[PDB]
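Asks: Quick one: the structure is below, and I'll ask about it shortly.
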Amino acid sequence: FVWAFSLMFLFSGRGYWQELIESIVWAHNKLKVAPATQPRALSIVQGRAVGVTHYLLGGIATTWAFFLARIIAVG
Amino acid sequence: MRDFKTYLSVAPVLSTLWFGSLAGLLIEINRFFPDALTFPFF
Amino acid sequence: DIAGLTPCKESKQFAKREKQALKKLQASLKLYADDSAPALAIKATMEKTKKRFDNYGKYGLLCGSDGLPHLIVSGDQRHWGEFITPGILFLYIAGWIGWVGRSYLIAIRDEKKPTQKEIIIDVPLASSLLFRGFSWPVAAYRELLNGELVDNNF
Amino acid sequence: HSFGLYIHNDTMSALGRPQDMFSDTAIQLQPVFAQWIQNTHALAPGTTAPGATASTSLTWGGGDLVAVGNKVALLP
Amino acid sequence: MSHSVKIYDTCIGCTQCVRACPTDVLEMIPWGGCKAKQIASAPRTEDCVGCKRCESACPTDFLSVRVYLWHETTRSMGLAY
Amino acid sequence: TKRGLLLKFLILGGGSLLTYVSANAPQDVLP
Amino acid sequence: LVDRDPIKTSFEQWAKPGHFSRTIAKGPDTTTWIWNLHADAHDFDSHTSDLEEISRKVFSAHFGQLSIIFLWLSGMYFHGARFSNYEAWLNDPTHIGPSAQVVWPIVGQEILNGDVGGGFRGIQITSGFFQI
Amino acid sequence: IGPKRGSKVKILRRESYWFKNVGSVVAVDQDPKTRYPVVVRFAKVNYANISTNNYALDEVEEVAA
Amino acid sequence: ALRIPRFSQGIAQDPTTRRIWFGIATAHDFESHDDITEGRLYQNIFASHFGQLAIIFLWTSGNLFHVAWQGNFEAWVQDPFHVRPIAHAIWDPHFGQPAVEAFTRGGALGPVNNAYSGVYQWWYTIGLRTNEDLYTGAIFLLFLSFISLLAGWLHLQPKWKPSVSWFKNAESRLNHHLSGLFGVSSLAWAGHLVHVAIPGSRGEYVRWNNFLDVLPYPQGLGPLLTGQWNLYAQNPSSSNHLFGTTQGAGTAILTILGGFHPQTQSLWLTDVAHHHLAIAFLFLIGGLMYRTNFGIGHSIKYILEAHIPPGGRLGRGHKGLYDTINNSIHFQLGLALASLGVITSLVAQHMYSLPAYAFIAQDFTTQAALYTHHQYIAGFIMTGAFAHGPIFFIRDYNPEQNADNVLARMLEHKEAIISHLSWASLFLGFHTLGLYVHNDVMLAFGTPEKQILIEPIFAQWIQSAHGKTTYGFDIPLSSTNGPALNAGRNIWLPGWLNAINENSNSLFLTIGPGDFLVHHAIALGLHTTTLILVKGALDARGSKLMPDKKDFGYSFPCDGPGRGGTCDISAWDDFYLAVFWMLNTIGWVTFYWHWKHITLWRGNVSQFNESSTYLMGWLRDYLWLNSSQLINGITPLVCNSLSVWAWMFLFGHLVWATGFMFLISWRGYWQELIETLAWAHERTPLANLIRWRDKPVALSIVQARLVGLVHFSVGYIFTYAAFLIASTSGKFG
Ligand code: CLA
Ligand code: CLA
Ligand code: CLA
Ligand code: CLA
Ligand SMILES: CC(=CC=C/C(C)=C/C=C/C=C(C)/C=C/C=C(C)/C=C/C1=C(C)CCCC1(C)C)/C=C/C1=C(C)CCCC1(C)C
Ligand SMILES: CC(=CC=C/C(C)=C/C=C/C=C(C)\C=C\C=C(C)\C=C\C1=C(C)CCCC1(C)C)/C=C/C1=C(C)CCCC1(C)C
Ligand code: SF4
Ligand code: SF4
Ligand code: SF4
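Following this line, the structure appears as structure tokens:
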């Protein structure tokens, strides 16, 4: 699953989740609940950092599981 | 030593002594009643 | 009673689940603990999912085919507190998560330079605005909609 | 030469004419791999080599079998 | 447009503000009153590529430019070669 | 080497006889 | 920075917004700098423009690996010990199918703990201690 | 000091980051003359690393008042 | 350095390759590219899609033309027992001699591939039968699909007007259409089914000769004009029928009577025609609703204008929504898209449980690769709908000309709109996902009990107030009687809408906790999908990060780094981003039917029951169970049954994967090594002088967000394509 969450971090823009993070920030202000600590989207390359790292800890333990499950028990 | 109108600070993740624990006491209610799925009352 | 079947008072399919399945649990004619003091399938893990006999309480609890129990909660025949009882509970708990969200927050933006007091925490959990939540009788259910957060501030 | 190689197979084994795949047996290779360097590794305890029954790594071409009495281990 | 991205602002002062950007921007063209009195948005832009290094620094307070030029030479992308 | 207007000629001609008879056949030897 | 540099305070820097390039984390609030701080936490274009220290940090904050690899291994030797199966497995190899870890039967858990050899409930191993 | 110089002003342009929000001011222009006077200032930053901008009275809608 | 591409100009002398690609994908963007005028444009879309209708008949022609000489029909109309129909003759020189192996399918000679399109049960289901009697198809349709081009030109030629202003009426047209068109388009169909087809169905033939001599009855249109209609519906059909051959036929067109049959499911002969008729008044009554010169009816403003229901005294305008939906042409093409989008699924979700064809489900394949090419599309629309109503806001739209006015306010009060949308998703998010891991942590853990599993109450509910006469149950006022209807009974709801539980094909399948999830996870799709489209749209105009985001709105993909860091923040790249969830809903949904159906056929249903209430299992039995057939079909042991499919299915997994480049690559890295890789040639012999005419470059910074996609998609959509088929065909079901 985690792998199939990477693509979202890998495949997407950036002033996007901004443009989104405000709609949010708006609804936030009405109740009086947001501004302090200017909430901000991911640092273009952070975004790539949260690709990749996930794509691997996803796509990898997948087999770490796939494996231990076909040598324990016959094999 | 703490009276009235807010107090002293605390760290970055005292949340890691708040996820772990508090919450942790709750397994502690999830074995006292080792089970749920509705619940009797008091 | 409703779409699935009846509770525990009878539920054939459910019974078979009790029994095979768990009890095979068994499955290990022995496997050595004749007197031995660790390997605890033996005691409970079964018996704690098991002595859960023809009793589980009794809960009504509808149980469809394969007799895994389904949750209606439409407030009738028996099933009311499978959502509301643990529903208002979810409400009351949250909301006293964020009543204090809108609190160890609306207590700061003032005095002198208040620009991230929040990456550290002034009163931990707030431990001051704390009980404001159980010390909500009525509360936001009036003073939210009248004054303070008043349409003004809207 | 390094992937569409496989894709041949599909396209032509799903087309289906094995005559012409790349099988360990259709495209010309004939019931032996052997003559390279593996076969001059398990067999080298007869050079400047002193020796000592078997090889260096039991997985090599030449000689021996008998490895283990529960399950298996390594062989050629 | 063919190089049309607006970095304008209001100060168009350029001290500890902005300089960066290969050739394109020979400004300081003082308009009859705008504080440190040097203004506008460019000089003759038919020369270089498509940065937004253009802001990154010294205000545009609105947008900031980027690629928008379309009609796009080559000299206008490194690669005509 | 009379190339003075051609190629359209050799791409109906040559390529209708690398494909006309080239596909057809009087008794399969099938796919 | 600027704070007290001097010569004139053992008094440690706990309190006063920021540090890490110089119109730094600014008074003015933001979030980006909280992934900043962890990221690039180790780096060297900042800390000082002068080698010196850095090799004086890396030979230290190195160290705490060995020590760790060392707190680790312990909980593995302990583990590969009193959460036994090693005694049991050795008189009895070809036969066993080893364990070191075991749950505690809280909530669902236990299914994870399933007869492994010298007569006990646990979760197996593919990390060849029991064999060093 | 006698009228009002720079004591509380909203912004109303819709481009300007803290637009509808009211922060604080400073040395608002004196003379008859130009069109971009008034500095304003507030806590909250904006999309650039530094944000402390100058808008101008054709507008500042403050509005009441 | 020459001049080329004949419409644009910036593009035209661009020395690279962009020259090409970007040529072949600005073509259809008439509004604003060199060659254009509001007069040009319109007409330049008019004799365009007269180039439409045109290409739809060279499709349909051939559909009816690989069928008439081979591709069984004077077979499959002898009795259509579920064994392998036919499309056309597969002919590839690459084929092995296992040309002989199935692939080569029974009746016909050389190999072939069989109708999974429905056509074969509707070229049949409106009669159309005999293999001497049949071989028309192209012949007409094509002596049609050429006319389709002729206006194209005729109406392109100035003189006999191509018409310019006349393109912004409405009233006249649509005062014309939803009568002239639809109404009579119905009617005329009502015509055909009934004179030539209903007879061809229950009854007997119609001979190409007579058309007067044939008379559904003895004494003609009898009364009919004599307001006396009723006595159509008495002994209409029967049931001891033998479909197509009378005998228990009877002959009284129209009904609502009888119903289902083990010998054909499918809507009754008649009913699809009184209906076709019945609606054909309403639209004709509807058509004639607006002006068109004579001086009756309506002006399409003045009933907007100050119409307004809750307006009136709530300070919220309504100004010329007409001269903005009319002066827009995009508002146009996206109120167009949707309606079609919403109904493309209403088509295709009703086309099951109510298929109207002679042998269909109880076919159960064609029935399952046909709900979806109508679920794909349909989803595929919707997006484009939502995507031309974020172009209206930029190229067209006009804040000074729309304001206080309710299209505004929609803009104005927008920040909420995405939020009270996003609040749906985030809720609809983790709450579906508690229920499904929990449901999967509990199995595996040994405890099938403890499983969280809500009955779908308000579902089944809708149906115990219908016909789901499942194991009794009162309901306060209903009981299962005392009050029934009282006001209704033996008219209307006869045998029909009385399928009940019918474990085989009951219409309504009997819903439990397995369905109270997917059904909340198709709901987390169109919501999320649309917070992004709503958003995508609700400011192609601009916002805080990019305030002045316009004069080009749509695809300006990218912007400079700095400000916060700015990216896929063109309303296109949110469309771009949208199309992944339209490709994830339109999958949860389709995925669902089938598993269900599958199981609900050559076997159980308990299967989907306790094994769709969780997640792993959705992968194991379905996904993992039921592929079997296909893949051991290239098998180390020769090409068996299917081979097209599995090779497609891996063609499926490649086209997909190979999306990713495009997608995790981003022009920068590509261009640069092409900078080194175009130092080769220039520097290498036997490949010098040799000039390109287009300068080697790497793909545009919007282009590859597309291409990975338009790539992600086929792969993906070409994998289920071959997946379902490759397993609804075998079965077991
Ligand atoms: C993007 C793709 C596209 C494609 C490729 C297809 C393909 C198909 N669709 Mg389809 N469809 C689509 C989009 C598409 N559809 C959309 C967007 C909708 C929603 C509007 C539908 C709604 C739909 C329905 C409801 C059905 C199909 C069916 C079909 C299949 C029938 C073959 C056919 O269409 O011949 C098309 C035939 C024609 C174009 C000629 C007939 C048109 C008649 C009505 C013209 C009447 C004009 C007449 C001359 C006026 C008379 C006036 C005077 C004589 C009185 C075929 C698989 C059918 C099916 O179920 O197959 C099993 C049917 O169920 N589709
Ligand atoms: C049913 C109709 C409908 C109509 C009448 C139009 C009409 C128009 N659209 Mg449009 N559109 C639609 C549905 C429609 N659209 C839908 C459903 C979507 C997404 C669901 C879009 C998404 C879209 C975008 C992004 C744009 C348009 C644009 C346009 C305008 C220019 C067309 C163009 O760029 O094509 C030219 C394209 C080509 C000549 C071919 C290249 C297309 C590629 C992507 C191939 C697509 C996949 C393909 C089938 C896979 C290859 C096949 C494989 C078997 C090998 C024109 C006004 C453009 C515009 O003007 O907006 C400002 C543009 O932005 N549309
Ligand atoms: C399987 C996928 C993965 C996941 C988990 C998500 C999840 C989400 N996407 Mg997303 N996406 C993905 C792949 C994924 N996406 C891909 C491949 C693409 C295209 C390339 C997209 C394109 C896309 C768009 C355009 C949007 C989203 C949005 C969203 C959010 C919608 C709200 C929602 O569904 O409930 C909330 C989320 C979930 C149910 C997922 C789980 C999140 C929680 C429960 C984390 C678990 C906490 C855990 C215990 C702690 C672990 C962390 C650490 C301490 C170890 C959600 C966060 C939208 C959005 O922003 O909503 C406001 C919208 O912007 N996505
Ligand atoms: C399945 C994959 C798809 C394919 C086919 C490729 C192929 C390639 N990638 Mg790549 N890539 C992909 C997905 C893919 N990538 C993804 C998803 C990512 C990131 C998520 C990347 C990230 C990446 C990077 C960073 C790099 C590449 C590079 C390359 C090239 C390496 C050299 C090579 O062997 O190419 C040629 C061989 C193939 C593409 C495989 C064979 C294709 C078969 C099907 C034969 C078809 C030919 C035949 C004549 C078809 C014509 C018939 C007619 C009908 C058209 C190659 C073009 C690198 C490069 O360019 O170095 C040389 C570069 O380093 N890729
Ligand atoms: C009638 C109905 C309905 C509905 C519902 C509905 C009625 C729905 C709707 C839908 C629609 C849609 C969903 C659309 C969408 C679209 C849009 C929203 C658009 C947008 C846009 C943009 C983006 C911007 C501008 C442009 C445009 C506009 C395009 C129903 C009825 C019924 C029922 C059911 C119950 C019973 C009875 C009956 C009677 C049977
Ligand atoms: C939904 C969830 C979860 C999920 C989850 C999932 C669904 C998944 C996850 C995953 C994770 C992971 C995955 C991590 C990890 C890990 C590890 C430990 C790893 C390891 C390894 C290594 C060592 C390397 C590589 C390989 C491997 C991977 C094996 C949750 C939810 C929730 C809620 C309701 C609310 C509150 C909170 C919570 C309670 C939280
Ligand atoms: S805003 Fe930029 S370049 Fe513009 S005037 Fe200032 S610094 Fe000059
Ligand atoms: S921003 Fe534009 S004009 Fe300025 S330097 Fe960059 S490319 Fe040149
Ligand atoms: S893509 Fe890269 S470069 Fe382009 S805009 Fe985004 S960040 Fe900038």
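Residue numbers (full-length UniProt numbering), protein chains in the order written: chain A, 684 to 758; chain B, 1 to 42; chain C, 78 to 231; chain D, 456 to 531; chain E, 1 to 81; chain F, 97 to 127; chain G, 21 to 152; chain H, 79 to 143; chain I, 2 to 734.
Note that beta-carbon positions come from the ideal geometry of N, C-alpha and C, so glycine has one too.
#1: Of all Cβ atoms in chain I, is any one closer than 8 Å to the Cβ of G:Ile54?
#2: Which whole-angstrom value is the C-beta distance of I:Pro86 and I:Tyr125, which I expect to be below 8 Å?
#3: Could you say if the region 214-234 of chain I and the region 242-250 of chain I meet the contact criterion of at least three C-beta pairs nearer than 8 Å?
#4: If you measure from the CB of I:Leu638, is any heavy atom of ligand 3 nearer than 7 Å?
#5: Taking any Cβ of chain A, which residues in the region 123-157 of chain C have a Cβ under 8 Å from it, in chain order?
#6: If contact means a Cβ-Cβ distance below 7 Å, which residues of the region 106-127 of chain H contact chain A?
#7: For I:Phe284 versus I:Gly192, is the C-beta spacing smaller than 8 Å?
#8: Does ligand 9 have even one heavy atom less than 7 Å from the beta-carbon of I:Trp596?
#9: Which residues, taken in chain order from the region 408-424 of chain I, show a beta carbon closer than 7 Å to some beta carbon of chain C?
#10: Answer with buried or exposed for C:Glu159, where buried requires no fewer than 16 other C-beta atoms within 10 angstroms of its C-beta.
#11: For the putative contact between residue 82 of chain E and E:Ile7, defined by C-beta atoms under 8 Å, what is the C-beta separation to the nearest angstrom?
#12: Apart from the five residues on each side of it in sequence, which residues of its chain come closer than 6 Å, Cβ to Cβ, to residue 768 of chain I?
#13: Please tell me whether, using a cut-off of 7 Å, the distance from the CB of A:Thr736 to the nearest non-hydrogen atom of ligand 4 is below it.
#14: Take H:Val116 as the anchor and find which of H:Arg92, H:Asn132, H:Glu93 has the nearest alpha-carbon.
#15: Could you tell me the boundaries of the alpha helix (DSSP H) in which C:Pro163 lies?
#16: Please determine whether the Cβ atom of H:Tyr95 lies at a distance below 7 Å from any heavy atom of ligand 7.
#17: According to DSSP, H:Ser102 sits in a beta bridge with which residue or residues?
#18: Which residues in the same chain have their Cβ closer than 8 Å to the Cβ of I:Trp646, if we skip the five residues on either side of it in sequence?
#19: Any beta-carbon of chain A closer than 8 Å to the one on C:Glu195?
#20: Count the other CB atoms within 10 Å of the CB of I:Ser571; is the residue buried (16 or more) or exposed (fewer)?
#21: What in chain G is Cβ-close to A:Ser726, meaning under 9 Å?
#22: Quick one: residues in its chain with C-beta nearer than 8 Å to the C-beta of G:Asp112, no 5 flanking neighbours on either side, listed in chain order?
#23: List, in order along the chain, the chain H residues whose C-beta lies closer than 9 Å to that of I:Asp549?
#24: Are I:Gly734 and I:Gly604 touching if we call contact CB-CB under 8 Å?
#25: Among I:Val438, I:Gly259, I:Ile148, whose alpha-carbon lies nearest the alpha-carbon of A:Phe684?
#26: Can you pull out the residues from the region 61-79 of chain G whose beta carbon lies closer than 9 Å to at least one beta carbon of chain H?
#27: Using a Cβ-Cβ cut-off of 6 Å (strictly less than) and excluding sequence neighbours within five positions of I:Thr105, which residues of its own chain qualify?
#28: Below 8 Å, how does it come out for the region 234-242 of chain I and the region 157-173 of chain I: are there three or more Cβ pairs, yes or no?
#29: Quick one: does A:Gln721 have its CB under 8 Å from some CB of chain G?
Replies: Looking at the coordinates:
#1: no
#2: In fact, because the Cβ distance is near 10 Å, the residues do not count as touching under 8 Å.
#3: no
#4: no
#5: none
#6: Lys122, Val123
#7: no
#8: no
#9: none
#10: buried
#11: Lying outside 1 to 81, the shown extent of chain E, residue 82 of chain E is not represented and no answer is given.
#12: Since the first residue of chain I shown is 2 and the last is 734, residue 768 of chain I is not available in this structure.
#13: no
#14: H:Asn132
#15: 162-170
#16: no
#17: H:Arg119
#18: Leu631, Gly634, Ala723, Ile726, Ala727
#19: yes
#20: buried
#21: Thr52, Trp55, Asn56, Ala59
#22: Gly137, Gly138
#23: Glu93
#24: yes
#25: I:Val438
#26: none
#27: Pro112
#28: no
#29: yes
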